[PDB]
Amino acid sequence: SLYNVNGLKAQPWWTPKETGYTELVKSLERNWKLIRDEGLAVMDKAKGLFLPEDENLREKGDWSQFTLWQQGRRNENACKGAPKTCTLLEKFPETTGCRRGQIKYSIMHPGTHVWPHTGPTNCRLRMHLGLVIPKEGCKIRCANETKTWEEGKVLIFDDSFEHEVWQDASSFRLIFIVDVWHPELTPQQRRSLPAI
């Protein structure tokens, strides 16, 4: 990709400790219900704050997002929708300042499959916080390892690896997606790398 930095540690799945972003992960997991509740509050389509997720192609099913940060820019109207979550995230420039990432609620509905794909850059890691996870039917593969989400828990993967998602439940799957700068990027790089 045009948006890669050579030599950045490359592995499909990361532990929180490996990323060094332990305070961010702890805060996400401490406050998971608070974050979930704000997502649920605006989740009404009648409200209509969740919009289609066109980030990548899906074979079938429905997929929606409510984006709080985009390329390091706070969505003001969105944060009025999720004020406590936004206030919380502001403590963590490693994600709010990630100009190559996003911060968003992501809902995936029953009968959805997202084709194998890669993100645009090896310069971010993608955190998933489980908010509402169906008992069965949802999973995500990254490279050769397939995993499931857990409510209140963070998964972290390098989405520049090929990954793929299935929603084979009967009820919706809500997660919170938090992108961070790859931890081996210098402060100079975090300041100067053009957004994507």
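In this text, residue numbers run from 1 along the sequence as written.
**Student:** Looking at the deposited entry, does 156-164 or 35-43 carry the larger mean Cα B-factor?
**Tutor:** Averaging CA B-factors over each stretch, the winner is 35-43.
**Student:** Of 46-54 and 146-154, which one has the bigger average CA B-factor?
**Tutor:** In the deposited entry, the stretch with the higher C-alpha B-factor mean is 46-54.
**Student:** Consider only the C-alpha atoms of the modelled residues in this chain, order them by B-factor as the entry records it, and name the third containing residue 67: lowest, middle or highest.
**Tutor:** Lowest third.
**Student:** Can you tell me which third, lowest, middle or highest, the CA B-factor of residue 120 falls into for its chain?
**Tutor:** Ranked within chain, residue 120 CA B lands in the lowest tercile.
**Student:** Please place residue 109 in the lowest, middle or highest third of its chain by C-alpha B factor as given in the entry.
**Tutor:** Middle third of the chain for residue 109's C-alpha B-factor.
**Student:** Looking at the C-alpha B-factor of residue 179, is it in the lowest, middle or highest third of its chain?
**Tutor:** Lowest third - that is where residue 179 ends up once the chain's C-alpha B-factors are sorted.
**Student:** Where does the C-alpha B-factor of residue 102 rank in its chain, lowest, middle or highest third?
**Tutor:** It belongs to the lowest third of the chain when residues are ordered by C-alpha B-factor.
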